**Q** 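Below you will find the structure I want to go over with you.
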2 protein chains.
Amino acid sequence: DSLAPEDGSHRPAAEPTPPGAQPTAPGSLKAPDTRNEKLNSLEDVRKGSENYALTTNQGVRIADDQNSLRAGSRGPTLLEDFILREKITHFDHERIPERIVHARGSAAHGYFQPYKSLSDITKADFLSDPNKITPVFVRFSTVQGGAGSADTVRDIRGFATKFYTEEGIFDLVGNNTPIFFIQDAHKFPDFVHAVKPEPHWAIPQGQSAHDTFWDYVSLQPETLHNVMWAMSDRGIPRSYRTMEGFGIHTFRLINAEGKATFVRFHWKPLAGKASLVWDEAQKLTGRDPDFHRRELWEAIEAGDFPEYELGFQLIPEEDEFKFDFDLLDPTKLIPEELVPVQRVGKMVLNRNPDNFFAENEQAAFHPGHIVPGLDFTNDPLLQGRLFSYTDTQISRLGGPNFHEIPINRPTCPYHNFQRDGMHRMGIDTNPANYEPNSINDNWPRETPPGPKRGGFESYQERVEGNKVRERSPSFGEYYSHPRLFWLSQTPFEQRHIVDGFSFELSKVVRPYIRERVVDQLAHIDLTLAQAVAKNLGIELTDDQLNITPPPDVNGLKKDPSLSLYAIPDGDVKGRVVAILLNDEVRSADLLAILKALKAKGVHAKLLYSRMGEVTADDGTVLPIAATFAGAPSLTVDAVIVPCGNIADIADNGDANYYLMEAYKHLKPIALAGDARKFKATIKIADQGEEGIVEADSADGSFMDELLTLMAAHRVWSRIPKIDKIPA
Amino acid sequence: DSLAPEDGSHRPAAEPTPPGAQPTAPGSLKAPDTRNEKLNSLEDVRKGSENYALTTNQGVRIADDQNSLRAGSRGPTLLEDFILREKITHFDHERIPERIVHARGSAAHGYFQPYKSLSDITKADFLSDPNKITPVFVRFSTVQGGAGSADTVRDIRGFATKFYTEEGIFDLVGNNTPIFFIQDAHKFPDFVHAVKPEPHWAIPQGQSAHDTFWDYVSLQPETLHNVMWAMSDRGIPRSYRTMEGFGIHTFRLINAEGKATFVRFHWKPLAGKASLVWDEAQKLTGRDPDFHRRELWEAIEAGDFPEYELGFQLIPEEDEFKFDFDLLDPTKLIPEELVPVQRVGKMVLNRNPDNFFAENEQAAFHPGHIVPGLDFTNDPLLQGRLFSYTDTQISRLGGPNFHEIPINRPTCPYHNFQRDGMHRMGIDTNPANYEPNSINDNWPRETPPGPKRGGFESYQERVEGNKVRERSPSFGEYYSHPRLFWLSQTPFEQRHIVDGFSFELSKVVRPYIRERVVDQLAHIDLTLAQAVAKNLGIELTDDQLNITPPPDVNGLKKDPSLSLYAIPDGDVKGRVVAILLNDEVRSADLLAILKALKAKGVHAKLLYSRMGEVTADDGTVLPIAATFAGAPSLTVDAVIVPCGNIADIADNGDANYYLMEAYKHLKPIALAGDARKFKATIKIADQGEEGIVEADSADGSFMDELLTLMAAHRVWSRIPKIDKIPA
Ligand code: HDD
Ligand code: HDD
């Protein structure tokens, strides 16, 4: 009709803007100048809308899209209304099966580039030159929950990267923990059925806190290592930008000379490692179930591109048997103290999709999608994964032509003798649909392996043994890796692990399952088992107290790279601060606050007891982003309260609770001038306490002190003090 | 190996048990004696498990379900492992498309029976005899969220009932509010796309609180009536057992004489009407996203069978045009003050399904599934619905044989000349697959319409008009029903409506959309418009302040049946109380508490600071249901704190917070003996306060008081005292 506002405020500016400043929008409209080879190749299918007539799918203009065709304006709808039927038909068949696992995920486009050529250890074209840019499409996910489930659950996270290389698609399909729960792919359905919602009633969603999961874990000790990781704060990342990524399996790099090197893939978050705390994470699934999806999208819209460093743990073929654990066992990590991660390149995620369904929901990643220069190993979990990811998209994406769905298409050439199949897009002109043929002079043709642009040939690994359904005896060790993880965590991390297990086991209705898990914990570490047992009202038996702890892992009694926080790696850029306003804010405090934050790339959200505007002491009109209840402290990293008319919000329950919640969840709090009246709400001594910034004004070192606290992420020293606190 | 506990505690007793007393289980194992014709008919496909060998789907016994077949124990997985491939293949294809709308839902089996024969107004067989029982299967749902989204969101709820009658399946596919948002089915995709997650980033899940929903609403005033209902506490029901159900459209009843009577269908909850409050509902989506699903399942396991009374609003054909609204407009309700709801029969849900996927997920309901004695009308929304529910299951349920999926099968005879289609189960022996035929003597044959067991014949409604895509002028009135609804709500219901709109519109990023919605509210009621505007920091113009309110609906200035709470309808059976234990509970208090609760069918959950057990003062061992943090006050209807060693929990942060949350959410709280010292936490009253029960001990009087409070659901008089509380 011409419904947009005449001031053009319905449309977000096509420039980087901080979270909440503008309505979010499709990537190609928000950042039209951000391009890459894959984004450019999608232009043949992108469809605009502005200034076009509304039509049917057959191109017929529609005159009246408000009404069905009927006999009389109060009459029956007629079967001849083809416009109505096409429209309802398309609607009626919008949904496709969600992914069996990792159904909940958020994605973005980006690019990768190696730091140096890796030609000495791999012939993979995408790693051959520092000036070779490879477009990527990354999808981060949870594991258990459906596509409509919440983001901040306690779960493993998926981290899948599609590399659109010149020699084929390479999908690095990893998780955020360096091991998996099980050893052989044959048990995948068992483990997944145990963690997913129980079959009689389909409860619970997005949670391993239920009987069948802990029943399985209790009977399958190989799971304990990844369970330790999920029970730690690793299971509740602050954002996809602040978690590590791992390929888990040992793969092979193959160079031009034919040498095979064992490799484990790593992704290091350039924003650092950071996680929530359980109470915050759980409440946040309620206050904002889309928190991670939203945060990823807004980071990219703000120019805070998620950046990751690809790294390789490399192990020579001659060292295959030199560790206490098997290199092919996916339940075992390779300690970085033994084999360092060598930095390989950087990945930058800089553009959101246009249409979530078309690009994210239909994206298909599969770890079998490798390119010359890479190869597999006999890891029995990886081996079975290779079967699943091609199979599953026959139903998920309707057939074998899923590589023709725009997001999945290679940007490099693809030609073969495969034909037909549902939804076939490619119209083949080859006279032949078979090889060998003479009628097209045998094109397209096979290509011999070679240093560059050659055909794929598997590494000639020696195979020797009988046909058996047998677990290698080298895989039968289940407690040393769990113990190594435990011992590498800080004391507050251990506490959170103890709390994770305790909370989850408390949701297990059958008490014997809790007892059985406690017995397993006693094989890992007595302190851990005792603390969990104590929280479950369970007493360890004398036998349990005397279980000998598992051996160190190759002499290591800890590896600090396993902790999120043991070694500081703080990065404040992209974090956000809640600013609690009053109706006569000291504008000077606000100016100092906002400019300090902006200088470090830290965002702010101005909150009040209503929407609209408030006027500062000097007449400055302050736009309100949200109310105290509307954007809870769960969604920010720190809270600042400027001086002004504090009596306005002093007796506001929501404003007081805002600080209590943020205080309980160990976030930095800064009070200027009369805002110090709120110290009594969080019980802060006159003298002050580490973790609370306070001064007569927001000047001098007030902002630097708060930013130092944000750099450390959370105020771990406050844990004992939050123990009480009714919040 | 891995086997059941010696003591048999892995398996739930097969008898009615209170929530939490036993692990939940498949219905046929929990209540094997609960039968009905439909449940029995599902016995052909029910599959046991105990004492049977594990096999492939082809019936081959599996020796080792722990490993893939490989060449050597550390070798490559072989392609000949068909056991692994079948198992992984079935896993890979588990998911089916979720429903386009109402994907989130919970179901149960039950039975219905009319109070008396309705043969004078309808020939429908299921309403013909008070002693003839009809098996039902009911699915309750939300609308917007995916199948993995949360239960206690703010949304409309679906209430679909499949009646397995002797003359065909009758599906009564309704919602929990008496009107829908839109008038013509052609706009269904528009409305649903606006409320669903926005297309660029697929946010937000299970929420209408986003720009596109309010944009659509602001441009389509026909939506305002159902929006009023959604924003009231109707949008966040306490349970599926405590909400009304409505068919929305005017349908027809056809008797044996051929007389048509207009009818609107109602379901009255025999447990009464009850809703949560927003803060509670929203937090509960995070603490227990499966709350309604769980609550329904547990109610049925406990014997608190959800019971509903079917009721009809009947309007003679000659009264079609006598209201000031069109009877065929689904955005208009029929005030009970004008046309009373006649009681028709009772529906009882007494058995949970066995497998959620097979029975709930694959259930197909469709409002076109009617039987002789019922008929449609020209309601333009209902008309388009008839097209869509058959159409959508061709993708959702994989084909046209969805009536052969066990839960969907009619229990009466079904014979026709339709053949084939994907996964055809029925093997037809008829020599003929067409009619007329002589080769099978024309069987199965058509049946003339008649008083009973007759063929379906449409009511011969007179149709007169030109072929038009036009809305009836009579549907062009959008503010009087919204205003009637507003004026019928109690003062606290009005405030919660105000808060609903305010909260939602505060999440609309484009400010002009908020203003346009406020403008629409000014057309309904200025008090309402002004209260919302104040919260958004918006000022009504002088023009807006002078908008004439819409006319009363046929002289009505209010209709108390539109309110949840104006007319007392409380029922405590099935409700649940949290009991905060201490390590030396005064058993005399507990005895009295449990006895009084038990006499009214109210359940209890014993909570503590840890799991396991605590021993009362008389040696009674009390098993702990959950921790204070583990089963928040959100999940209960009231909180009781018995005396004993109060020092044990007096300083516990979670225990204190438990009471503050319950207090803020207007729930009855009862404190006996030294537990009255908790009154300081909820900072209020010394002489007592209506809503807080206190006494030296828990006695008959104390429990009567608490139970009387529970019968009124929430303590609305405490509203003014809760916005200072920091919780
Ligand atoms: C044999 C089965 C199997 C096993 C053993 C694995 N999974 Fe897998 N996973 C699948 C079968 C599968 C799947 C059914 O094929 C999925 C679901 C739908 C899809 O396209 O792929 C998939 C999805 C999937 C995704 C989502 C890709 C997306 O965003 O689309 C990730 C990140 C992982 N998996 C990661 C892993 C890791 C790191 C594993 C252990 C090392 C693992 N999976 C074990
Ligand atoms: C023209 C399309 C159309 C319109 C105008 C309506 N819906 Fe509908 N509804 C559908 C198209 C549909 C559907 C696409 O066909 C669905 C999802 C898939 C399914 O089986 O049915 C459905 C599902 C569906 C369900 C879930 C049944 C279940 O539990 O499986 C309920 C309760 C409603 N609808 C009720 C309503 C009511 C009371 C409506 C308004 C008066 C309404 N729908 C308007």
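No hydrogens, no waters, no symmetry mates; every other heavy atom, side chains included, goes into these values. We count ligands from 1, going down the list as the structure has it; atoms in each ligand are counted the same way. A note on names: the letters A, B, ... follow the listed sequences, proteins ahead of strands, and every chain is numbered from 1.
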**Q** Hey, is atom 8 (Fe) of ligand 1 within less than 2.8 Å of some N/O/S atom on A/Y389?
**A** yes
**Q** So which protein heavy atom does atom 17 (C) of ligand 2 come closest to, and at what separation?
**A** B/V101 O, 3.7 Å
**Q** What protein heavy atom lies closest to atom 41 (C) of ligand 2? Include the residue and the distance to one decimal.
**A** B/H249 NE2, 3.4 Å
**Q** Check ligand 1 against B/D92 and write out every atom of the ligand that is under 4.0 Å from a heavy-atom position of the residue.
**A** 14 (C)
**Q** Give the residue, atom name and distance (to 0.1 Å) of the protein heavy atom nearest atom 13 (C) of ligand 2.
**A** B/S388 OG, 3.7 Å
**Q** Check contact between A/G105 and ligand 1, using heavy atoms of the residue and a distance below 4.0 angstrom.
**A** no
**Q** Only heavy atoms of B/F365, strictly under 4.0 Å: list the atoms of ligand 2 that pass.
**A** 27 (C), 28 (C), 29 (O), 30 (O)
**Q** If you count the atoms of ligand 1 from 1 in the order shown, which ones are under 4.0 Å from a heavy atom of A/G174?
**A** 32 (C), 38 (C)
**Q** Provide, to 0.1 Å, the distance between atom 19 (C) of ligand 2 and the closest protein heavy atom, together with that atom's residue and name.
**A** B/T392 CG2, 3.6 Å
**Q** So is A/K162 actually on top of A/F137's ring, under 6.0 Å and inside 45° of the axis?
**A** no
**Q** Name the option, out of A/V173, A/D171, A/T161, A/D379, that contains the heavy atom nearest to atom 38 (C) of ligand 1.
**A** A/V173
**Q** What residue and atom, counting heavy atoms only, is the protein's closest point to atom 42 (C) of ligand 2, and at what distance?
**A** B/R385 NE, 3.3 Å
**Q** List every atom of ligand 1 that sits less than 4.0 Å from any heavy atom of A/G384, numbering the atoms from 1 in the order shown and giving each element.
**A** 1 (C)
**Q** Quick check: B/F91 with A/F188 (ring centres under 6.0 Å apart)?
**A** yes
**Q** Just to be sure I'm reading this right: ignoring hydrogens, which of B/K162, B/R157, B/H102 gets closest to atom 25 (C) of ligand 2? Compare them by their nearest heavy atoms.
**A** B/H102
**Q** Judging by distance only, is a nitrogen or oxygen of A/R99 under 3.5 angstrom from one on ligand 1?
**A** yes
**Q** If every non-hydrogen atom of A/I248 is compared with every non-hydrogen atom of A/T177, which pair is closest and at what distance?
**A** CG1-O, 3.5 Å
**Q** In terms of side-chain geometry, is the basic nitrogen of A/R469 or B/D81 positioned less than 4.0 Å from the acidic oxygen of its partner?
**A** yes
**Q** Is the closest basic N to carboxylate O distance between A/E244 and A/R157 below 4.0 Å?
**A** no
**Q** Decide whether an N or O pair under 3.5 Å exists between B/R139 and ligand 2.
**A** yes
**Q** Tell me: protein heavy atom nearest atom 2 (C) of ligand 2, and distance?
**A** B/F188 CD2, 3.4 Å
**Q** Can B/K332 be said to sit on top of B/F325's aromatic six-ring, NZ or CZ under 6.0 Å from centre and within 45° of the ring axis?
**A** no
**Q** Among protein heavy atoms, which sits nearest to atom 5 (C) of ligand 1, and what does the distance come to when rounded to 0.1 Å?
**A** A/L381 CD1, 3.3 Å
**Q** Would A/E98 and A/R396 pass as an ion pair if we require N to O under 4.0 Å?
**A** no
**Q** Quick one: do A/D379 and A/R264 make a salt bridge, cutoff under 4.0 Å?
**A** no
**Q** Does the distance from a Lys or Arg side-chain N to an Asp or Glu carboxylate O, for A/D184 and A/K187, drop under 4.0 Å?
**A** no
**Q** Between B/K87 and A/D190, is there a side-chain N and carboxylate O pair less than 4.0 Å apart?
**A** yes
**Q** In terms of side-chain geometry, is the basic nitrogen of A/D391 or B/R85 positioned less than 4.0 Å from the acidic oxygen of its partner?
**A** no
**Q** Under 4.0 Å, heavy atoms only, figure out whether ligand 2 is touched by the backbone of B/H366, its side chain, both or neither.
**A** neither
**Q** Would you mind running through ligand 2 and noting each atom that sits below 4.0 Å from a heavy atom of B/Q393?
**A** 19 (C), 20 (O)
**Q** Would you kindly specify which portion of A/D391 sits under 4.0 Å from ligand 1, judged on non-hydrogen atoms: side chain, backbone, both or neither?
**A** neither
**Q** Given B/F180, B/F159, A/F91, identify the one with the heavy atom nearest to atom 40 (C) of ligand 2.
**A** B/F180
**Q** Shortest non-hydrogen contact from B/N408 to B/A364?
**A** OD1-N, 2.9 Å
**Q** Give the minimum heavy-atom separation between B/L386 and B/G368, together with the two atoms involved.
**A** CD2-CA, 3.5 Å
